[PDB]
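Structure first, then comments.
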Amino acid sequence: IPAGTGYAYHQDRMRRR
Amino acid sequence: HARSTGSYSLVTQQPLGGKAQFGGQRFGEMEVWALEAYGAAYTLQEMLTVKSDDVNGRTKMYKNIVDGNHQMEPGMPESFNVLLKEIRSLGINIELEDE
Amino acid sequence: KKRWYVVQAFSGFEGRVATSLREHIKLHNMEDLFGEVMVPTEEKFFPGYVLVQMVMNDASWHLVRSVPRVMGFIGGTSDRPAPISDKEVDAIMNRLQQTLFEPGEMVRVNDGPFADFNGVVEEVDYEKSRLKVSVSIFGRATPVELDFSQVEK
Amino acid sequence: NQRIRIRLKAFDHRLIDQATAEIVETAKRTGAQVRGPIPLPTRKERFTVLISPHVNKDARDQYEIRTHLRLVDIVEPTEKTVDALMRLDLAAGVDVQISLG
Amino acid sequence: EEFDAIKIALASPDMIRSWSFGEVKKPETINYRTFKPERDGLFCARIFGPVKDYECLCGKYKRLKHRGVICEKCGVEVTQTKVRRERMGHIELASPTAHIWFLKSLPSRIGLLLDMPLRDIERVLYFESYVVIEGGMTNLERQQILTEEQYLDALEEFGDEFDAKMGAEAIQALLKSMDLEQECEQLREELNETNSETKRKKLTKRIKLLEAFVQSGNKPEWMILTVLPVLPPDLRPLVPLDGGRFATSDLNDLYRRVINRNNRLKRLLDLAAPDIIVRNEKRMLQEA
DNA sequence: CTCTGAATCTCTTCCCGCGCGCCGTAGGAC
DNA sequence: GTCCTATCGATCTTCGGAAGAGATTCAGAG
Ligand SMILES: [Mg+2]
Ligand SMILES: [Zn+2]
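Heads up: the sequence lines are chains X, Y, R, U and A, in that order.
When you line the first sequence up against the numbering used here, it's residues 991 to 1007, in that order.
When you line the second sequence up against the numbering used here, it's residues 54 to 152, in that order.
When you line the third sequence up against the numbering used here, it's residues 1303 to 1455, in that order.
When you line the fourth sequence up against the numbering used here, it's residues 23 to 123, in that order.
When you line the fifth sequence up against the numbering used here, it's residues 79 to 366, in that order.
Right, here's the structure in full:
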């Protein structure tokens, strides 16, 4: 999900891009 | 009643439901909302892909748990693919996309 | 002049539809309103449609629908069902008056204890009006001969 | 329904009778009526060959290939009986020809 | 397959043929005594996939050593049986058929595109009245539905300078004649012609639908089904129950009805049945 | 003569689990 | 008995939902 730890993962993916 | 592993339904590979059948508890929509209320995303992903739906994944999870690795390979919930066929059986062309 | 009219009928009960119309015409003594009722059949041209030589009176319109296993006629509107045509009757009467088992082809049987089994043509019993098709019995998948009626193509 | 005839041919008496017993017993068990076995006359070829590679015309060997024939007639077949017969496999080297009607 | 987006759009008939691995013809699934799947049925082994785990139906091969090969005793391809739940088939309808959803949504998309009332389009589709297309040198409008008595008038008043079809055929011809972009431009300039908000709002809806169809790769005739794909059988199992019987399956019976009706229509069209009979068969097929 | 009002049409919707327990193609032709 | 085809192709499928929303008609309305 794009929330919580899932939001952390998505945010890392978007920042490393 | 408690279930570790047993019968799996045919049309969708989710575990059976009931006591007279070796079935597991249903994780309703309210429970999903409650999990989303916390930041638990790995818990939800496991609960709705490995434990219940992804046929290939739930065996690879079994080996790791026996091996003591405690790592999951989610893949994709098989039931979802079934949905696609039900829509692809109509005059609708719905498909996954790369980008 | 009694134009033909086409009537819907219970498939499988079509002969009973024709008979039940034949009785009701005489019982209601409307013999002067019906000429013939056609159910063409070959060794059935129209699977579930009955042709009736008739005129168009409201009494006849309700009489046909008063026969069992009859919804009604097929036409443009329910108020006035329509005849078929001039030449259509003639064509239907014209018809009412008027495949090789290739070696190697994979067949299925039509009757017998071996009916509907995956066989494969093995030889040609042609001038006998017969057949011979290999099948998979007791590992000794045996050279097995069949009647010509036992093909399924 | 026409009866089905099974003609078994083999070079061995005991093997052919074992296969025949299997077939008839299966047919009886699966509720078919079977009129068999019938021991049809057994062919016996013969061959006489010189055993001496050169001359010695009187030294010979006579050999024989005995071919045994058994007939099993199954009258009034049933789908159940036919399926049982199909799933029953017979000893190899025993030829079976099925005539139908 | 890894993915990042989901796209939904209309499916062209050739796309449906691309989906399919075979054409289901015989409306039979399995024997009532033996449990083998009947070929060219709703459960055809060579169309959707083998039933055995890694063995062909014909039994010619029972090993991974022959995986991926094609048998010639039954025609079934030997592979993983799981594929049987993913392969689809298709039924080529003997005549066009309108997609029910697009016919009777909250508005009528098919009706909205042609600006034709839902009642009248349903009347046309269910073979109740004619509709004149390509009317040419006749006092017959672009669509201008007309009844059989009205059609009986046009049959002799005019010759072949007009065309009036019935059912989904007329709607498909109208859709195939839709000059979509020119129509949208004309309507978007006609919007400024009048201040009738009661009609301006639905005109805005119509032009929005036209713009959505123009921008998307969708084409109008795709609202009319011509090939109907069949669901993979493993998603609609005919599971047995206690004793030698199979549990009833809802989708299987609907497909059986459709296949039987379409085969009857094909048989008649081969035998040149009268217009009344073929019209009734086409209506029954559409309703099935 | 239609327009821009209402009024009268059809369609969609209605908590979560959990257990029992039955009950589950039909008539007609060779 | 088996196995077949077809499915109110001569009835009336229920009246003890409410509402809420559109969509579709009409109606004085100028
Ligand atoms: Mg001899
Ligand atoms: Zn095979």
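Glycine included, every Cβ here is placed at the ideal spot set by N, Cα and C.
#1: Have a look at the DSSP bridge pairing and note the partners of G167 of chain A.
#2: Using 8 Å as the limit for Cβ to Cβ distance, is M256 of chain A near chain Y?
#3: Determine the direct distance from the alpha carbon of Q98 of chain Y to that of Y91 of chain Y, and round the result to whole angstroms.
#4: Helix, strand or coil for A1417 of chain R? Go by DSSP, reduced to three states.
#5: Answer with buried or exposed for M114 of chain Y, where buried requires no fewer than 16 other C-beta atoms within 10 angstroms of its C-beta.
#6: In the DSSP assignment, the alpha helix (DSSP H) including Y229 of chain A goes from what residue to what residue?
#7: Measure the Cβ-Cβ separation of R1382 of chain R and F1315 of chain R and say whether it is below 8 Å.
#8: Are the Cβ atoms of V94 of chain U and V56 of chain U separated by less than 8 Å?
#9: Verify the CB distance criterion: does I354 of chain A have a CB-CB separation below 8 Å to chain R?
#10: When you check each C-beta in the segment 80-112 of chain A against every C-beta of chain Y, which residues fall closer than 7 Å?
#11: Starting from the beta carbon of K151 of chain A, find every residue of chain R whose beta carbon is closer than 7 Å, and list them in chain order.
#12: Across which residues does DSSP place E82 of chain Y in a beta bridge pair?
#13: Tell me whether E1390 of chain R is buried or exposed, calling it buried when 16 or more other Cβ atoms sit within 10 Å of its Cβ.
#14: Would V104 of chain U count as contacting chain R if we go by Cβ distances under 8 Å?
#15: By the 10 Å Cβ neighbour count, where 16 or more other Cβ atoms means buried, how is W179 of chain A classified, buried or exposed?
#16: Which chain A residues are close to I1376 of chain R, counting only those with a beta carbon under 8 Å from its beta carbon?
#17: Taking 8 Å as the CB-CB limit, is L97 of chain Y close to chain X?
#18: Which residues share a DSSP beta bridge with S1436 of chain R?
#19: Identify each residue in the segment 1383-1396 of chain R for which the Cβ-Cβ distance to at least one residue of chain A is less than 8 Å, and report them in chain order.
#20: Taking a Cβ distance cut-off of 8 Å, strictly less, list which residues of the segment 1352-1379 of chain R are near chain A, in chain order.
#21: Look at the alpha carbon of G153 of chain A and the alpha carbon of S207 of chain A, and state the distance between them as a whole number of angstroms.
#22: Any heavy atom of ligand 1 within a distance shorter than 7 Å of the CB on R29 of chain U?
#23: Which term fits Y1307 of chain R, buried or exposed, when burial requires 16 or more other beta carbons within 10 angstroms of its beta carbon?
#24: I need the DSSP call for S98 of chain A, collapsed to helix, strand or coil.
#25: List, from N- to C-terminal side, the alpha helix (DSSP H) runs of 4 residues or more that fit wholly inside the segment 259-310 of chain A.
#26: Can you name the residues of chain R whose CB is closer than 9 Å to the CB of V118 of chain U?
#27: Extract the residue ranges of the beta strand (DSSP E) inside the segment 94-152 of chain Y, only unbroken runs of 3 or more that lie entirely within it.
#28: What would DSSP say about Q250 of chain A, mapped onto helix, strand or coil?
#29: Less than 8 Å between the C-beta atoms of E116 of chain A and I108 of chain A, yes or no?
#30: Is the shortest distance between the beta-carbon of residue 53 of chain A and the beta-carbons of chain Y less than 8 Å?
#31: Buried or exposed: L88 of chain A, going by 16 or more other Cβ atoms within 10 Å of its Cβ?
Quick look at the numbers:
#1: Locating residue 167 of chain A in the fifth sequence gives position 89, counting from the first residue. Partner(s): A:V308.
#2: The sequence position of residue 256 of chain A within the fifth sequence is 178, counting from 1. No - not a single Cβ of chain Y is within 8 Å of the one on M256 of chain A.
#3: Locating residue 91 of chain Y in the second sequence gives position 38, where the first residue counts as 1. Locating residue 98 of chain Y in the second sequence gives position 45, where the first residue counts as 1. Between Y91 of chain Y and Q98 of chain Y, the C-alpha separation is close to 14 Å.
#4: Here residue 1417 of chain R corresponds to residue number 115 of the third sequence, with the count starting at 1. Coil at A1417 of chain R, not helix or strand.
#5: Residue numbering aside, residue 114 of chain Y sits at position 61 when the second sequence is read from its first letter. Buried: at least 16 other Cβ atoms inside 10 Å.
#6: For this step, residue 229 of chain A is matched to residue 151 along the fifth sequence. Element bounds for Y229 of chain A: 226-235.
#7: If you number the third sequence from 1, residue 1382 of chain R lands on position 80. If you number the third sequence from 1, residue 1315 of chain R lands on position 13. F1315 of chain R sits away from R1382 of chain R, with the two beta carbons spaced by 8 Å or more.
#8: Indexing the fourth sequence from 1 puts residue 94 of chain U at position 72. Indexing the fourth sequence from 1 puts residue 56 of chain U at position 34. Closer than 8 Å, so yes.
#9: Walking along the fifth sequence from the start, residue 354 of chain A turns up at place 276. Taking CB atoms only, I354 of chain A has a neighbour in chain R less than 8 Å away.
#10: So the close ones are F81, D82, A83, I84, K85, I86, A87, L88, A89, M93, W97.
#11: The residue you call residue 151 of chain A lines up with position 73 of the fifth sequence. The contacting residues are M1408, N1420, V1422.
#12: Residue mapping note: residue 82 of chain Y aligns to position 29 of the second sequence, counting from 1. Partner(s): none; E82 of chain Y has no beta bridge.
#13: Numbered from 1 along the third sequence, position 88 holds the residue referred to as residue 1390 of chain R. Classified as buried, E1390 of chain R has 16 or more neighbouring CB atoms from the shown chains inside 10 Å of its CB.
#14: On the fourth sequence, residue 104 of chain U is found 82 positions in, with the first residue counted as 1. Taking Cβ atoms only, chain R reaches closer than 8 Å to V104 of chain U, which makes this a yes.
#15: Your numbering for residue 179 of chain A matches position 101 in the fifth sequence. Within 10 angstroms of the beta-carbon of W179 of chain A lie fewer than 16 other beta-carbons, which makes it exposed.
#16: Working through the third sequence from its first residue, we reach residue 1376 of chain R at position 74. Simply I354, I355, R357, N358.
#17: Here residue 97 of chain Y is taken as the residue at index 44 of the second sequence, counted from 1. Yes - at least one Cβ of chain X is within 8 Å of the one on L97 of chain Y.
#18: The residue you call residue 1436 of chain R lines up with position 134 of the third sequence. Partner(s): R:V1422.
#19: Listed by position, the residues of the segment 1383-1396 of chain R near chain A (Cβ gap below 8 Å) are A1384, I1386, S1387, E1390, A1393, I1394.
#20: Along the segment 1352-1379 of chain R, going in chain order, the ones with a CB nearer than 8 Å to a CB of chain A are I1376, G1377, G1378, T1379.
#21: For the purposes of this step, residue 153 of chain A is identified with residue 75 of the fifth sequence, where counting begins at 1. For the purposes of this step, residue 207 of chain A is identified with residue 129 of the fifth sequence, where counting begins at 1. One C-alpha to the other measures close to 47 Å.
#22: As a position in the fourth sequence, residue 29 of chain U is number 7, starting the count at 1. At a threshold of 7 Å, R29 of chain U does not count as near ligand 1, since its beta carbon sits no closer than that to any of the ligand's heavy atoms.
#23: For this step, residue 1307 of chain R is matched to residue 5 along the third sequence. For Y1307 of chain R, the number of other beta carbons within 10 angstroms of its own is at least 16, and it is reported as buried.
#24: As a first step, residue 98 of chain A is located in the fifth sequence; it is residue number 20 there, counting from the start. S98 of chain A falls in the strand class under three-state DSSP.
#25: The segment 259-310 of chain A contains these whole alpha helix (DSSP H) runs: 275-293.
#26: Within the fourth sequence, residue 118 of chain U is the residue found at index 96, counting from 1. Here the neighbours are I1439, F1440, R1442, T1444.
#27: Taking only runs of at least 3 residues, the beta strand (DSSP E) segments lying wholly in the segment 94-152 of chain Y are 145-150.
#28: Here residue 250 of chain A refers to the residue found at position 172 of the fifth sequence. Three-state DSSP puts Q250 of chain A in a helix.
#29: Within the fifth sequence, the letter at position 38 stands for residue 116 of chain A. Within the fifth sequence, the letter at position 30 stands for residue 108 of chain A. Yes. Within cutoff.
#30: The question about residue 53 of chain A has no answer here: the residues shown for chain A are numbered 79 through 366.
#31: Here residue 88 of chain A refers to the residue found at position 10 when the fifth sequence is read from its first residue. Using a 10 angstroms sphere on the CB of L88 of chain A, the tally of other CB atoms reaches 16 or more, which defines it as buried.
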